[PDB]
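Engineer: Below is the structure I would like to discuss, written out as structure tokens.
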There are 2 protein chains.
Amino acid sequence: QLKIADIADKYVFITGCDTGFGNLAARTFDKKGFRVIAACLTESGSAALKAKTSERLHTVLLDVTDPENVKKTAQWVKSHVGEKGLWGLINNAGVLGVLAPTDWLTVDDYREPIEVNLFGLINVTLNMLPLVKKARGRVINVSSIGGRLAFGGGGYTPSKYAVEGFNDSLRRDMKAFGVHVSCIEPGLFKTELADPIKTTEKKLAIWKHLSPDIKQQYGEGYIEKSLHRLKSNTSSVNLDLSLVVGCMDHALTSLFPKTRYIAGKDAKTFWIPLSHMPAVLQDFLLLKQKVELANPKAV
Amino acid sequence: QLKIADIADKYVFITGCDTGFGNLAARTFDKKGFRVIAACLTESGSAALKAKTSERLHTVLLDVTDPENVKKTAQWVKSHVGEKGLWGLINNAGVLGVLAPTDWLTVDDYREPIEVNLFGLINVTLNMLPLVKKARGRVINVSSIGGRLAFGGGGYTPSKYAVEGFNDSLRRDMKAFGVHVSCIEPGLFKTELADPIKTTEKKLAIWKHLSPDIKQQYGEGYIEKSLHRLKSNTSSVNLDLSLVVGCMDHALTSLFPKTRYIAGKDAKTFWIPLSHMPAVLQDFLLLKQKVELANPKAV
Ligand SMILES: NC(=O)c1ccc[n+]([C@@H]2O[C@H](COP(=O)([O-])OP(=O)(O)OC[C@H]3O[C@@H](n4cnc5c(N)ncnc54)[C@H](O)[C@@H]3O)[C@@H](O)[C@H]2O)c1
Ligand SMILES: NC(=O)c1ccc[n+]([C@@H]2O[C@H](COP(=O)([O-])OP(=O)(O)OC[C@H]3O[C@@H](n4cnc5c(N)ncnc54)[C@H](O)[C@@H]3O)[C@@H](O)[C@H]2O)c1
């Protein structure tokens, strides 16, 4: 490790710092000596993070889906960092949206994850990019193993796939300016993103208004038996969020940041390898646990 | 080839039949004996296709981004096909949108390709899916090599990446119902999608309102020198659209349709293989031709 020098003079802007990876990142980089600009969705998330950190850290309220708030925040960063520019941008904010079988969904159900995870990431990136160029800095995009292998119906999968493609377009565009772009692909980690109970609640809301034929095909208590698989293999969710923040740290401080980081033991040894395999192999493995439908010929 | 039987009794719904792959598909499947429902964006595209085809083919006007038009069209198909259901759905409609360096763009520039290529594809699929299930039929999604390797800035890349992820979610959801889902990834083909002159026109529109610093970094006549690469290797664009329609034909008529079809000699032998490689190899190959910026240190 030849690391960069003058960490103490470099600003890092992180989206989604109320909870999860982004909260830990803000705290970690603050203690490391970066000047953190921690964007938070909520006032109480902002106040808690500020109470736990040093005077070098600033919080800002940002909803990444509000283009006016994005532009104002970018103007604030620009005046604050001046001719240093912005060394790091971590695009971390994201949401799961509704996860359910594709045939239960409307197109509207896909919009929310795409708006936060893709469009919000793009708009933040585009508004901050002049500052990153100025610093010859680093853009870090948080994708997912779900951006390389599709885990289930709903907008989250397409959102993360799209982030992988944008990431690569951005990287090649930014090579000429000496800006590095890193994509981080975590496996499953215990955060506020996904919560089996909340996922089940969304499915029950949808069930209420599903067509009779769908309900006959899947069967009453399909959702109950679904919750009993989400639970029945929740023992392989990583608790150590520092595995992901450690990737962010390398992307920000190495003289040789990677183009892709994979976080989680199963992610690197199994999931990302499988993402290269054709459907015949993937489908066999992923369908193993899926709950049998009650009446699949009721079409 | 054990092919399916009773082609003459099966309906195939194709989006975007005014020009390109979808026009050729409609004509080909009409002559093959399918009952084609050819959705066209324009009246003159519809009238031309109808004049060239048999009485077995019906045209409908459909803009896939208009959810009311989608729902009405799906109701029309439902009444027409009755208890046969819909054997085939070909999601072909798509647009390029603006292609330009990422740092020239706003978030609004990404919306159009995503709305047609991703959201329109999803909404058509979801509205037709009960009919395909009824037939135990086939969903064919037209992706791109640009859904596996990012070709340049703009919304087209993320749109196609997203289609790959949706495709796979849909496939695994639909396995229980005996519905097959095929993704087609063409290389470059001479259609109305991409046209260097039209691409250059969009860049000039953007240039007019770009910041002074961007224009200094790229340099006046960057766009002129850009057009002189688009031209300077346009000799490897496939003219034979039947390579793609041949993939669609297999997906619709084989008893063993593939999960993925690749069309174009360079696509199968080079591009899709390279899509598996890390960025260090991809970037080296793809940046070879890119036009040097005039003043990249002007940040
Ligand atoms: N936890 C996992 O298993 C996992 C796996 C792979 C990828 N990821 C990704 O990690 C990132 C962080 O999520 P997490 O797991 O820490 O979950 P989390 O819900 O704990 O954190 C998400 C953060 O994003 C913020 N946020 C949500 N909507 C926002 C909006 N509109 N504007 C601004 N901020 C917003 C939330 O306030 C929160 O601070 C996301 O991109 C997620 O997709 C998570
Ligand atoms: N030609 C290529 O090099 C190439 C390569 C890979 C993938 N593709 C894909 O092939 C598909 C077909 O495009 P093409 O190459 O034949 O181009 P094209 O422009 O000739 O055909 C596109 C078709 O989609 C229709 N369409 C456009 N917007 C629509 C909308 N809102 N609603 C309904 N119909 C709409 C157009 O009328 C036309 O019929 C697209 O998904 C494209 O992304 C093309």
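Every chain in the structure tokens takes a letter, A first, then B, and so on in the order presented; its residues are numbered from 1, and the ligands are numbered from 1 following the presented order.
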With ligand 2 as the partner and 8 Å as the cut-off, tabulate the residues of chain B that qualify, each row holding the nearest pair of atoms and their distance in Å to one decimal, using only C-alpha atoms and all ligand atoms, sorted by chain and rising number, as CSV.

Structural biologist:
```
residue,atom,partner,partner_atom_place_in_ligand_line,distance
B:15,CA,ligand 2,34 (N),5.9
B:16,CA,ligand 2,39 (O),3.6
B:17,CA,ligand 2,39 (O),4.2
B:18,CA,ligand 2,39 (O),3.7
B:19,CA,ligand 2,39 (O),4.3
B:20,CA,ligand 2,16 (O),3.3
B:21,CA,ligand 2,16 (O),4.0
B:22,CA,ligand 2,16 (O),5.9
B:23,CA,ligand 2,39 (O),6.7
B:39,CA,ligand 2,34 (N),7.3
B:40,CA,ligand 2,34 (N),5.9
B:41,CA,ligand 2,34 (N),4.5
B:42,CA,ligand 2,37 (O),6.6
B:45,CA,ligand 2,37 (O),7.5
B:62,CA,ligand 2,33 (C),5.5
B:63,CA,ligand 2,32 (N),3.4
B:64,CA,ligand 2,32 (N),4.0
B:65,CA,ligand 2,31 (N),5.3
B:66,CA,ligand 2,31 (N),7.8
B:91,CA,ligand 2,41 (O),7.4
B:92,CA,ligand 2,11 (C),4.7
B:93,CA,ligand 2,24 (O),3.6
B:94,CA,ligand 2,41 (O),3.8
B:95,CA,ligand 2,27 (C),5.5
B:96,CA,ligand 2,43 (O),6.5
B:116,CA,ligand 2,31 (N),5.3
B:117,CA,ligand 2,41 (O),6.2
B:120,CA,ligand 2,31 (N),7.3
B:142,CA,ligand 2,41 (O),5.3
B:143,CA,ligand 2,7 (C),5.5
B:144,CA,ligand 2,6 (C),4.0
B:145,CA,ligand 2,6 (C),6.3
B:146,CA,ligand 2,6 (C),7.1
B:156,CA,ligand 2,43 (O),7.8
B:160,CA,ligand 2,43 (O),7.6
B:185,CA,ligand 2,6 (C),6.2
B:186,CA,ligand 2,6 (C),4.3
B:187,CA,ligand 2,5 (C),5.1
B:188,CA,ligand 2,3 (O),3.5
B:189,CA,ligand 2,3 (O),3.8
B:190,CA,ligand 2,1 (N),5.6
B:191,CA,ligand 2,20 (O),4.3
B:192,CA,ligand 2,20 (O),3.6
B:193,CA,ligand 2,19 (O),3.6
B:194,CA,ligand 2,1 (N),6.8
B:237,CA,ligand 2,3 (O),7.6
```

Engineer: From the DSSP assignment of the backbone, select every residue of stretch 36-248 of chain A that is alpha helix (DSSP H), and format the answer as a ChimeraX atom specification.

Structural biologist: /A:43-52,67-81,108-114,121-135,156-174,196-208,212-218,222-230,242-248

Engineer: Write to file, as an mmCIF file, in the first residue's frame, the residues of the selection just made, with C-alpha atoms.

Structural biologist:
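See again31.cif below for the written result:
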```
data_model
loop_
_atom_site.group_PDB
_atom_site.id
_atom_site.type_symbol
_atom_site.label_atom_id
_atom_site.label_comp_id
_atom_site.auth_asym_id
_atom_site.auth_seq_id
_atom_site.Cartn_x
_atom_site.Cartn_y
_atom_site.Cartn_z
ATOM 1 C CA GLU A 43 -33.108 15.458 10.223
ATOM 2 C CA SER A 44 -32.910 12.870 13.015
ATOM 3 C CA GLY A 45 -30.405 10.809 11.045
ATOM 4 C CA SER A 46 -28.355 13.981 10.483
ATOM 5 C CA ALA A 47 -28.467 15.046 14.178
ATOM 6 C CA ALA A 48 -27.423 11.584 15.418
ATOM 7 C CA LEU A 49 -24.492 11.380 12.987
ATOM 8 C CA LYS A 50 -23.323 14.896 13.847
ATOM 9 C CA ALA A 51 -23.480 14.079 17.598
ATOM 10 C CA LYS A 52 -21.179 11.060 17.029
ATOM 11 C CA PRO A 67 -33.344 17.578 -8.521
ATOM 12 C CA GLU A 68 -33.602 21.064 -6.961
ATOM 13 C CA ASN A 69 -32.188 19.753 -3.634
ATOM 14 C CA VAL A 70 -29.420 17.987 -5.573
ATOM 15 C CA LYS A 71 -28.431 21.148 -7.469
ATOM 16 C CA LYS A 72 -28.499 23.288 -4.315
ATOM 17 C CA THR A 73 -26.419 20.752 -2.423
ATOM 18 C CA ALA A 74 -23.908 20.645 -5.309
ATOM 19 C CA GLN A 75 -23.679 24.488 -5.236
ATOM 20 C CA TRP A 76 -23.026 24.320 -1.467
ATOM 21 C CA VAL A 77 -20.255 21.732 -1.928
ATOM 22 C CA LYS A 78 -18.731 23.743 -4.741
ATOM 23 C CA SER A 79 -18.376 26.943 -2.654
ATOM 24 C CA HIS A 80 -17.164 24.977 0.407
ATOM 25 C CA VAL A 81 -14.437 22.876 -1.242
ATOM 26 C CA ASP A 108 -45.643 1.738 -11.248
ATOM 27 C CA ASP A 109 -44.133 -0.703 -8.702
ATOM 28 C CA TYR A 110 -40.798 -0.597 -10.570
ATOM 29 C CA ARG A 111 -40.454 3.213 -10.488
ATOM 30 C CA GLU A 112 -39.346 3.861 -6.886
ATOM 31 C CA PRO A 113 -36.159 1.702 -6.756
ATOM 32 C CA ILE A 114 -35.174 2.943 -10.222
ATOM 33 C CA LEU A 121 -27.284 8.201 -8.438
ATOM 34 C CA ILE A 122 -26.933 9.638 -11.945
ATOM 35 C CA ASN A 123 -28.117 13.102 -10.944
ATOM 36 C CA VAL A 124 -25.863 13.303 -7.910
ATOM 37 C CA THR A 125 -22.942 12.092 -10.059
ATOM 38 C CA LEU A 126 -23.592 14.601 -12.867
ATOM 39 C CA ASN A 127 -23.999 17.551 -10.415
ATOM 40 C CA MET A 128 -20.783 16.692 -8.539
ATOM 41 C CA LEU A 129 -18.692 15.573 -11.498
ATOM 42 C CA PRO A 130 -17.073 19.017 -12.245
ATOM 43 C CA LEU A 131 -15.799 19.014 -8.633
ATOM 44 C CA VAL A 132 -14.455 15.480 -8.838
ATOM 45 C CA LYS A 133 -12.701 16.303 -12.119
ATOM 46 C CA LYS A 134 -11.164 19.348 -10.422
ATOM 47 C CA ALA A 135 -9.714 17.091 -7.710
ATOM 48 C CA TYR A 156 -34.478 -3.414 -7.522
ATOM 49 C CA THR A 157 -32.825 -5.844 -9.957
ATOM 50 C CA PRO A 158 -33.193 -3.605 -13.078
ATOM 51 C CA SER A 159 -32.050 -0.593 -11.018
ATOM 52 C CA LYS A 160 -28.793 -2.269 -10.023
ATOM 53 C CA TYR A 161 -28.152 -3.730 -13.470
ATOM 54 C CA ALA A 162 -28.547 -0.219 -14.807
ATOM 55 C CA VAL A 163 -26.051 1.170 -12.266
ATOM 56 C CA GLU A 164 -23.445 -1.337 -13.471
ATOM 57 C CA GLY A 165 -23.851 -0.109 -17.065
ATOM 58 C CA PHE A 166 -23.814 3.582 -16.082
ATOM 59 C CA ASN A 167 -20.740 2.956 -13.916
ATOM 60 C CA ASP A 168 -18.843 1.583 -16.892
ATOM 61 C CA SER A 169 -19.914 4.361 -19.280
ATOM 62 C CA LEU A 170 -18.798 6.911 -16.642
ATOM 63 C CA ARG A 171 -15.488 5.151 -16.021
ATOM 64 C CA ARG A 172 -14.482 5.192 -19.685
ATOM 65 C CA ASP A 173 -15.662 8.799 -20.091
ATOM 66 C CA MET A 174 -13.632 9.889 -17.058
ATOM 67 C CA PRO A 196 -38.406 -9.804 5.802
ATOM 68 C CA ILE A 197 -41.312 -8.397 7.809
ATOM 69 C CA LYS A 198 -41.428 -5.193 5.769
ATOM 70 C CA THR A 199 -41.101 -7.210 2.519
ATOM 71 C CA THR A 200 -44.024 -9.441 3.654
ATOM 72 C CA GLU A 201 -46.110 -6.343 4.506
ATOM 73 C CA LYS A 202 -45.692 -5.007 0.976
ATOM 74 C CA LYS A 203 -46.750 -8.374 -0.516
ATOM 75 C CA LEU A 204 -49.916 -8.434 1.648
ATOM 76 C CA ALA A 205 -50.840 -4.948 0.437
ATOM 77 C CA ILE A 206 -50.517 -6.171 -3.150
ATOM 78 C CA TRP A 207 -52.401 -9.439 -2.486
ATOM 79 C CA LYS A 208 -55.490 -7.506 -1.382
ATOM 80 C CA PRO A 212 -58.788 -13.902 -8.592
ATOM 81 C CA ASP A 213 -56.817 -16.023 -11.073
ATOM 82 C CA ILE A 214 -53.424 -15.002 -9.668
ATOM 83 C CA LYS A 215 -54.595 -15.785 -6.172
ATOM 84 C CA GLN A 216 -55.841 -19.205 -7.340
ATOM 85 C CA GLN A 217 -52.573 -20.019 -9.124
ATOM 86 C CA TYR A 218 -50.324 -19.055 -6.200
ATOM 87 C CA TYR A 222 -48.400 -18.452 -0.483
ATOM 88 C CA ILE A 223 -47.126 -15.337 1.336
ATOM 89 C CA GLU A 224 -47.010 -17.119 4.697
ATOM 90 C CA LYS A 225 -44.948 -19.955 3.165
ATOM 91 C CA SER A 226 -42.767 -17.257 1.509
ATOM 92 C CA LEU A 227 -41.937 -15.657 4.871
ATOM 93 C CA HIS A 228 -40.948 -19.190 5.975
ATOM 94 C CA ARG A 229 -38.065 -19.283 3.453
ATOM 95 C CA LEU A 230 -36.867 -15.690 3.915
ATOM 96 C CA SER A 242 -17.033 -2.928 7.779
ATOM 97 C CA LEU A 243 -16.399 -5.416 4.949
ATOM 98 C CA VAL A 244 -18.101 -2.957 2.597
ATOM 99 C CA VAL A 245 -16.673 0.197 4.169
ATOM 100 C CA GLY A 246 -13.213 -1.405 3.887
ATOM 101 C CA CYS A 247 -13.791 -1.602 0.110
ATOM 102 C CA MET A 248 -14.835 2.051 0.057
#
```

Engineer: Take atom CA of residue B:285 and atom CA of residue B:236 and report the distance between them in Å, one decimal.

Structural biologist: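 Interatomic distance, atom CA of residue B:285 to atom CA of residue B:236: 16.1 Å.
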
Engineer: Kindly give the distance, in Å, that separates atom CA of residue A:149 and atom CA of residue A:270, rounded to a single decimal.

Structural biologist: 11.4 Å

Engineer: May I ask which of the residues B:265, B:209, B:231, B:84 is the closest one to chain A, counting only C-alpha atoms?

Structural biologist: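 For chain A, the nearest of the candidates is B:84.
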
Engineer: For residue B:254, please output as a VMD selection string all residues within 9 Å (counting only C-alpha atoms; exclusion window: fewer than 3 positions along the same chain).

Structural biologist: chain B and resid 1 to 4 249 to 251 257 to 258

Engineer: Include N, CA, C and O atoms and write out the residues we just selected as a PDB file, in the first residue's frame.

Structural biologist:
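Listed below is the output, selection.pdb:
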```
ATOM      1  N   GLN B   1     -34.348 -30.382 -35.306  1.00  0.00           N
ATOM      2  CA  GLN B   1     -35.504 -29.485 -35.043  1.00  0.00           C
ATOM      3  C   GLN B   1     -36.791 -30.310 -34.990  1.00  0.00           C
ATOM      4  O   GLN B   1     -37.411 -30.576 -36.018  1.00  0.00           O
ATOM      5  N   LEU B   2     -37.166 -30.751 -33.782  1.00  0.00           N
ATOM      6  CA  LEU B   2     -38.574 -30.855 -33.451  1.00  0.00           C
ATOM      7  C   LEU B   2     -39.041 -29.409 -33.211  1.00  0.00           C
ATOM      8  O   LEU B   2     -38.543 -28.709 -32.329  1.00  0.00           O
ATOM      9  N   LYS B   3     -39.879 -28.912 -34.125  1.00  0.00           N
ATOM     10  CA  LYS B   3     -40.528 -27.617 -34.002  1.00  0.00           C
ATOM     11  C   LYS B   3     -41.895 -27.791 -33.336  1.00  0.00           C
ATOM     12  O   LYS B   3     -42.372 -28.913 -33.167  1.00  0.00           O
ATOM     13  N   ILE B   4     -42.520 -26.689 -32.901  1.00  0.00           N
ATOM     14  CA  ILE B   4     -43.884 -26.765 -32.403  1.00  0.00           C
ATOM     15  C   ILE B   4     -44.792 -27.134 -33.574  1.00  0.00           C
ATOM     16  O   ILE B   4     -44.417 -26.952 -34.732  1.00  0.00           O
ATOM     17  N   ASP B 249     -37.275 -16.396 -34.665  1.00  0.00           N
ATOM     18  CA  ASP B 249     -38.007 -17.521 -35.225  1.00  0.00           C
ATOM     19  C   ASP B 249     -37.757 -18.786 -34.409  1.00  0.00           C
ATOM     20  O   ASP B 249     -38.685 -19.517 -34.049  1.00  0.00           O
ATOM     21  N   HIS B 250     -36.487 -19.059 -34.118  1.00  0.00           N
ATOM     22  CA  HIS B 250     -36.154 -20.185 -33.265  1.00  0.00           C
ATOM     23  C   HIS B 250     -36.820 -20.052 -31.895  1.00  0.00           C
ATOM     24  O   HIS B 250     -37.387 -21.015 -31.370  1.00  0.00           O
ATOM     25  N   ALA B 251     -36.776 -18.850 -31.277  1.00  0.00           N
ATOM     26  CA  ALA B 251     -37.365 -18.672 -29.952  1.00  0.00           C
ATOM     27  C   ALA B 251     -38.865 -18.983 -29.957  1.00  0.00           C
ATOM     28  O   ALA B 251     -39.429 -19.369 -28.940  1.00  0.00           O
ATOM     29  N   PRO B 257     -36.371 -23.618 -27.062  1.00  0.00           N
ATOM     30  CA  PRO B 257     -35.865 -22.270 -27.296  1.00  0.00           C
ATOM     31  C   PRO B 257     -34.712 -21.974 -26.333  1.00  0.00           C
ATOM     32  O   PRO B 257     -34.713 -22.407 -25.182  1.00  0.00           O
ATOM     33  N   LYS B 258     -33.770 -21.142 -26.787  1.00  0.00           N
ATOM     34  CA  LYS B 258     -32.621 -20.783 -25.969  1.00  0.00           C
ATOM     35  C   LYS B 258     -32.995 -19.681 -24.989  1.00  0.00           C
ATOM     36  O   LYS B 258     -33.897 -18.889 -25.253  1.00  0.00           O
TER      37      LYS B 258
END
```

Engineer: I'd like to know which residues of stretch 9-99 of chain A are strand (DSSP E) (by DSSP, run on the backbone); could you write them as a ChimeraX atom specification?

Structural biologist: /A:11-14,35-40,58-61,88-91

Engineer: Hey, can you check how far atom CA of residue A:31 sits from atom 15 (O, counted along the ligand's line) of ligand 1?

Structural biologist: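 Those two atoms sit 21.3 Å apart.
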